[PDB]
Amino acid sequence: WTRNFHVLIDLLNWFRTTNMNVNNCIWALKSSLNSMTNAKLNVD
Amino acid sequence: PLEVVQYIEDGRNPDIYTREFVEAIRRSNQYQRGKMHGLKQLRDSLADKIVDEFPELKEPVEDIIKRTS
Amino acid sequence: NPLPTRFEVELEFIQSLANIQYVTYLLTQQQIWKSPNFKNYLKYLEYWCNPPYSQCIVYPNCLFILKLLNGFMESXXXXXXXXXXXXXXXXXXXXXXXX
Amino acid sequence: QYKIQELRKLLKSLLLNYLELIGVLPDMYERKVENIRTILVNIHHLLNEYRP
Amino acid sequence: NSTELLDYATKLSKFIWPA
(Lines give C-alpha, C1' and ligand atoms only; values in the text may rest on other atoms or scores of the structure.)
Protein backbone atom coordinates (compact mmCIF):
# COMPACT_ATOMS: atom_id res chain seq x y z
CA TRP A 1 0.00 0.00 0.00
CA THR A 2 2.86 2.41 0.72
CA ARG A 3 3.59 2.84 -3.00
CA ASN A 4 4.96 10.77 1.33
CA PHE A 5 2.83 9.26 4.09
CA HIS A 6 2.79 12.44 6.19
CA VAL A 7 1.86 14.83 3.38
CA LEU A 8 -1.31 13.03 2.25
CA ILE A 9 -3.14 13.60 5.57
CA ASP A 10 -2.13 17.07 6.78
CA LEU A 11 -4.33 18.72 4.15
CA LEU A 12 -7.48 17.01 5.42
CA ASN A 13 -6.35 17.65 9.00
CA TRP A 14 -6.23 21.37 8.20
CA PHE A 15 -9.62 21.21 6.45
CA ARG A 16 -10.96 19.64 9.65
CA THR A 17 -9.30 22.39 11.70
CA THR A 18 -10.93 25.20 9.70
CA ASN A 19 -14.47 23.94 10.35
CA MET A 20 -13.82 23.95 14.10
CA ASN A 21 -12.39 27.45 13.69
CA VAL A 22 -15.75 28.40 12.17
CA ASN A 23 -17.62 26.81 15.08
CA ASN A 24 -15.55 28.22 17.97
CA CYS A 25 -16.90 31.79 17.73
CA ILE A 26 -20.59 31.05 18.35
CA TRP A 27 -20.02 29.96 21.95
CA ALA A 28 -18.17 33.20 22.69
CA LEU A 29 -21.02 35.11 21.05
CA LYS A 30 -23.33 33.31 23.49
CA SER A 31 -21.11 34.07 26.50
CA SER A 32 -20.93 37.79 25.69
CA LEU A 33 -24.70 38.17 26.09
CA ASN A 34 -24.41 36.54 29.51
CA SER A 35 -21.58 38.98 30.30
CA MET A 36 -23.74 41.98 29.35
CA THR A 37 -26.48 41.38 31.93
CA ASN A 38 -24.01 41.84 34.80
CA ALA A 39 -23.23 45.35 33.53
CA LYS A 40 -26.91 46.22 33.03
CA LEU A 41 -28.61 47.62 36.12
CA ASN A 42 -37.56 50.94 37.22
CA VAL A 43 -37.44 53.03 40.41
CA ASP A 44 -40.32 52.60 42.88
CA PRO B 1 -7.39 8.61 13.08
CA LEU B 2 -4.94 5.88 11.99
CA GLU B 3 -7.51 3.76 10.17
CA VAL B 4 -4.74 2.33 7.95
CA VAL B 5 -3.22 0.02 10.57
CA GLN B 6 -6.72 -0.68 11.88
CA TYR B 7 -7.64 -1.94 8.41
CA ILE B 8 -4.41 -3.95 8.22
CA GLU B 9 -4.98 -5.67 11.58
CA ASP B 10 -8.74 -6.09 11.25
CA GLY B 11 -8.39 -7.16 7.61
CA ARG B 12 -9.73 -4.34 5.45
CA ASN B 13 -8.54 -2.72 2.24
CA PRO B 14 -7.15 0.84 2.64
CA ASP B 15 -8.36 1.66 -0.89
CA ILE B 16 -11.71 2.63 0.63
CA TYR B 17 -9.71 4.56 3.25
CA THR B 18 -7.87 6.78 0.78
CA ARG B 19 -11.01 6.87 -1.38
CA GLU B 20 -13.05 8.24 1.53
CA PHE B 21 -10.12 10.64 1.95
CA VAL B 22 -10.56 11.87 -1.63
CA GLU B 23 -14.28 12.28 -1.00
CA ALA B 24 -13.40 13.91 2.34
CA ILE B 25 -11.05 16.51 0.84
CA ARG B 26 -13.48 17.17 -2.03
CA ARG B 27 -16.57 17.29 0.19
CA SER B 28 -14.70 19.39 2.76
CA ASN B 29 -13.50 21.73 0.00
CA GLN B 30 -17.05 22.24 -1.28
CA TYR B 31 -18.22 22.60 2.33
CA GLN B 32 -15.74 25.32 3.30
CA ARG B 33 -16.09 27.09 -0.05
CA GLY B 34 -19.87 26.94 0.34
CA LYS B 35 -19.66 28.43 3.83
CA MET B 36 -17.47 31.23 2.48
CA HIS B 37 -19.86 31.76 -0.45
CA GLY B 38 -22.99 32.06 1.68
CA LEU B 39 -20.99 34.12 4.16
CA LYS B 40 -19.99 36.50 1.36
CA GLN B 41 -23.66 36.63 0.36
CA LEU B 42 -24.45 37.71 3.92
CA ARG B 43 -21.57 40.22 3.84
CA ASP B 44 -22.59 42.04 0.66
CA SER B 45 -26.30 41.49 1.34
CA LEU B 46 -26.28 43.03 4.82
CA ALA B 47 -23.61 45.50 3.68
CA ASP B 48 -25.82 46.72 0.83
CA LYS B 49 -28.77 46.81 3.23
CA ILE B 50 -26.80 49.21 5.42
CA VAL B 51 -25.90 51.02 2.18
CA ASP B 52 -29.57 51.71 1.46
CA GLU B 53 -30.13 52.37 5.18
CA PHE B 54 -28.02 55.55 5.39
CA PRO B 55 -25.86 57.33 2.79
CA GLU B 56 -23.32 58.90 5.16
CA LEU B 57 -22.44 55.36 6.28
CA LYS B 58 -22.48 54.02 2.70
CA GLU B 59 -19.13 55.57 1.77
CA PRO B 60 -17.17 54.06 4.71
CA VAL B 61 -18.80 50.62 4.48
CA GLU B 62 -17.69 50.65 0.85
CA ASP B 63 -14.22 50.96 2.24
CA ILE B 64 -15.14 47.99 4.47
CA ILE B 65 -16.18 45.94 1.43
CA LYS B 66 -13.00 47.08 -0.36
CA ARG B 67 -10.47 46.51 2.46
CA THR B 68 -8.39 43.33 3.06
CA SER B 69 -7.85 43.12 -0.73
CA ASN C 1 -13.77 39.40 56.32
CA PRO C 2 -12.75 40.91 59.68
CA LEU C 3 -14.77 41.04 62.89
CA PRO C 4 -18.37 42.28 62.59
CA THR C 5 -20.03 45.29 64.20
CA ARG C 6 -23.20 45.53 66.29
CA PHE C 7 -24.70 47.85 63.65
CA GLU C 8 -24.29 45.21 60.93
CA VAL C 9 -25.38 42.41 63.27
CA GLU C 10 -28.63 44.13 64.26
CA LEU C 11 -29.08 45.28 60.65
CA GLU C 12 -28.80 41.74 59.26
CA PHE C 13 -30.99 40.40 62.07
CA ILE C 14 -33.82 42.87 61.47
CA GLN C 15 -33.41 42.35 57.72
CA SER C 16 -33.74 38.59 58.31
CA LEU C 17 -37.37 39.19 59.32
CA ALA C 18 -38.28 39.58 55.64
CA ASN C 19 -38.01 35.81 55.22
CA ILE C 20 -41.26 34.09 56.18
CA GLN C 21 -39.78 30.73 57.22
CA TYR C 22 -37.25 32.47 59.48
CA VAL C 23 -39.98 34.35 61.36
CA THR C 24 -41.87 31.05 61.50
CA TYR C 25 -38.81 29.47 63.12
CA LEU C 26 -38.50 32.35 65.59
CA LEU C 27 -42.15 32.18 66.65
CA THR C 28 -42.24 28.37 66.96
CA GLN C 29 -40.00 28.40 70.03
CA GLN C 30 -40.48 27.69 73.73
CA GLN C 31 -37.40 29.15 75.48
CA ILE C 32 -37.20 32.72 74.12
CA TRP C 33 -40.76 33.44 75.31
CA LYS C 34 -40.42 32.56 79.01
CA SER C 35 -38.67 35.82 79.93
CA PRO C 36 -39.46 39.36 78.71
CA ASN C 37 -36.26 39.73 76.68
CA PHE C 38 -36.92 38.85 73.04
CA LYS C 39 -40.10 40.95 73.04
CA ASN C 40 -38.25 43.96 74.47
CA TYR C 41 -35.52 43.39 71.87
CA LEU C 42 -38.01 43.36 68.98
CA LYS C 43 -39.67 46.48 70.40
CA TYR C 44 -36.17 47.95 70.70
CA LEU C 45 -35.43 47.26 67.01
CA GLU C 46 -38.01 49.89 66.04
CA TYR C 47 -35.35 52.59 65.54
CA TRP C 48 -34.60 51.28 62.03
CA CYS C 49 -37.97 52.62 60.86
CA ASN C 50 -36.83 56.21 61.51
CA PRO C 51 -34.13 58.21 59.64
CA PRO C 52 -31.28 58.03 59.13
CA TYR C 53 -31.56 54.35 60.06
CA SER C 54 -34.20 53.86 57.35
CA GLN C 55 -31.65 54.78 54.65
CA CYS C 56 -29.94 51.39 55.07
CA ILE C 57 -33.06 49.17 55.05
CA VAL C 58 -32.91 47.18 51.82
CA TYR C 59 -36.13 45.18 52.29
CA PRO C 60 -39.23 47.26 53.14
CA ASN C 61 -41.11 44.23 54.49
CA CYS C 62 -38.95 43.34 57.50
CA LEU C 63 -39.73 46.70 59.14
CA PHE C 64 -43.51 46.44 58.77
CA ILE C 65 -43.49 42.76 59.79
CA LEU C 66 -41.58 43.89 62.89
CA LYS C 67 -44.29 46.48 63.60
CA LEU C 68 -46.85 43.67 63.23
CA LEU C 69 -45.12 41.39 65.73
CA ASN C 70 -44.54 44.27 68.15
CA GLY C 71 -48.21 45.04 67.55
CA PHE C 72 -49.13 41.47 68.49
CA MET C 73 -46.89 40.83 71.51
CA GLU C 74 -48.69 43.52 73.54
CA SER C 75 -52.10 41.83 73.66
CA UNK C 76 -50.58 30.79 71.62
CA UNK C 77 -49.84 28.35 68.80
CA UNK C 78 -52.97 29.22 66.83
CA UNK C 79 -52.45 32.87 65.87
CA UNK C 80 -48.78 32.16 65.16
CA UNK C 81 -50.28 29.61 62.77
CA UNK C 82 -52.68 32.25 61.41
CA UNK C 83 -50.26 34.83 60.00
CA UNK C 84 -48.15 32.86 57.44
CA UNK C 85 -51.06 31.79 55.23
CA UNK C 86 -52.01 35.43 54.53
CA UNK C 87 -48.46 36.64 54.05
CA UNK C 88 -48.05 33.65 51.70
CA UNK C 89 -50.91 34.99 49.60
CA UNK C 90 -49.13 38.35 49.45
CA UNK C 91 -45.57 37.28 48.47
CA UNK C 92 -45.63 36.23 44.79
CA UNK C 93 -47.15 39.48 43.46
CA UNK C 94 -44.23 41.50 44.82
CA UNK C 95 -41.84 38.84 43.52
CA UNK C 96 -43.38 39.40 40.07
CA UNK C 97 -42.86 43.16 40.41
CA UNK C 98 -39.22 42.84 41.54
CA UNK C 99 -37.32 41.53 38.50
CA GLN D 1 -25.96 67.89 24.44
CA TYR D 2 -25.00 64.85 26.52
CA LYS D 3 -24.31 61.13 26.10
CA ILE D 4 -27.01 60.85 23.41
CA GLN D 5 -24.49 62.26 20.93
CA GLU D 6 -22.04 59.44 21.71
CA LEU D 7 -24.52 56.54 21.91
CA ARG D 8 -25.32 56.98 18.21
CA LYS D 9 -21.58 56.82 17.46
CA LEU D 10 -21.20 53.64 19.50
CA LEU D 11 -24.27 52.16 17.80
CA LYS D 12 -22.83 53.02 14.39
CA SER D 13 -19.57 51.33 15.40
CA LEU D 14 -21.27 48.13 16.59
CA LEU D 15 -22.64 47.27 13.15
CA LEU D 16 -19.26 48.17 11.66
CA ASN D 17 -17.69 45.57 13.93
CA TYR D 18 -20.38 42.98 13.12
CA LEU D 19 -19.61 43.31 9.41
CA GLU D 20 -15.97 42.63 10.25
CA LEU D 21 -16.92 39.56 12.28
CA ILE D 22 -18.92 38.41 9.26
CA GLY D 23 -16.15 39.15 6.78
CA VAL D 24 -13.42 37.26 8.65
CA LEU D 25 -14.83 33.72 8.61
CA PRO D 26 -9.96 31.20 9.22
CA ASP D 27 -8.65 31.76 12.77
CA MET D 28 -8.51 35.57 12.77
CA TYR D 29 -12.05 35.98 14.22
CA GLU D 30 -10.84 35.82 17.86
CA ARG D 31 -8.97 39.13 17.70
CA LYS D 32 -12.07 40.83 16.25
CA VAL D 33 -14.53 39.55 18.85
CA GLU D 34 -12.35 41.22 21.50
CA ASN D 35 -13.05 44.70 20.07
CA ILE D 36 -16.76 43.86 19.83
CA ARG D 37 -16.81 43.12 23.58
CA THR D 38 -15.37 46.55 24.37
CA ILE D 39 -18.09 48.29 22.33
CA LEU D 40 -20.92 46.58 24.23
CA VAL D 41 -19.41 47.58 27.58
CA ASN D 42 -19.39 51.24 26.47
CA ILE D 43 -23.14 51.05 25.80
CA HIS D 44 -23.65 49.86 29.37
CA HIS D 45 -21.71 52.86 30.72
CA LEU D 46 -24.01 55.39 29.07
CA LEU D 47 -27.13 53.59 30.33
CA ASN D 48 -25.66 53.79 33.84
CA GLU D 49 -25.63 57.52 33.30
CA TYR D 50 -29.36 57.20 32.54
CA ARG D 51 -30.18 55.37 35.80
CA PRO D 52 -30.65 58.31 38.27
CA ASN E 1 -37.36 64.99 51.56
CA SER E 2 -37.23 63.95 47.90
CA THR E 3 -33.41 64.00 47.87
CA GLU E 4 -33.32 60.96 50.17
CA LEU E 5 -35.82 59.12 47.96
CA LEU E 6 -34.03 59.85 44.67
CA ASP E 7 -30.84 58.26 46.05
CA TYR E 8 -32.38 55.64 48.37
CA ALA E 9 -35.19 54.33 46.15
CA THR E 10 -32.68 53.32 43.46
CA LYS E 11 -31.41 50.45 45.64
CA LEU E 12 -34.92 48.98 46.02
CA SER E 13 -35.19 47.79 42.40
CA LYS E 14 -32.37 45.21 42.47
CA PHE E 15 -33.88 43.41 45.47
CA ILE E 16 -34.82 38.59 45.82
CA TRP E 17 -36.15 37.93 49.32
CA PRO E 18 -33.58 37.08 52.02
CA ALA E 19 -32.82 33.39 52.51
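Here is what the cut-offs are and how they apply
Residues numbered from 1 in each chain as written, not as in the entry; some residues may be left out. Chains lettered and ligands numbered in written order. Part of a larger assembly, values for the part shown. Heavy atoms only, no water. Residues with missing side-chain atoms left out of burial classes, pairs and counts. Contact = heavy atoms within 4.5 Å. Nonpolar A, V, L, I, M, F, W, Y, C, P; charged D, E, K, R; others polar. Helix = DSSP H or I, 4+ residues; strand = E, 2+ residues; numbered from the N terminus. Axes fitted to C-alpha atoms, helices over the stretch in contact; angles between N-to-C directions. Parallel < 35°, antiparallel > 145°, perpendicular 65-115°, else oblique. Left-handed = near helix turned anticlockwise from the far one by under 90°.

What the deposited record gives as its method is cryo-EM, and the resolution it gives is 5.8 Å.

Draft legend 1. Layout of the interface of chain D and chain A. In this assembly, 6 residues from chain D lie in contact with 10 residues from chain A. Considering only residue class, the side of chain D that touches chain A consists of 2 nonpolar, 2 polar and 2 charged.

Draft legend 2. Molecular detail of the environment of C:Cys62. Within the secondary structure, C:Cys62 is located in helix α4 (residues 60-73). If we ignore the near neighbours within four places in the chain, the residues touching C:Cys62 are C:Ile14, C:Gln15, C:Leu17, C:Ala18 and C:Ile57.

Draft legend 3. Focus on unusual backbone geometry. Cis geometry marks the peptide bond from C:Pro51 to C:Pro52; its omega dihedral reads 0°. Phi is positive for B:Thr68, which is not a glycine, with a value near 35°. Examined against the element boundaries, B:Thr68 turns out to sit in the segment after α3 (58-66).

Draft legend 4. Highlighting the packing of helix α1 (residues 7-37) of chain A against helix α2 (residues 29-50) of chain D. At their nearest, the axes of α1(A) and α2(D) sit 11 Å apart, and the two run at 15° to each other. Comparing their axes, α2(D) and α1(A) come out roughly parallel. Classified by chirality, the crossing of α2(D) by α1(A) is right-handed. The segment α1(A) lies against α2(D), with A:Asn21, A:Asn24, A:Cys25, A:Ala28, A:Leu29, A:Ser32 and A:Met36 engaging D:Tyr29, D:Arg37 and D:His44.

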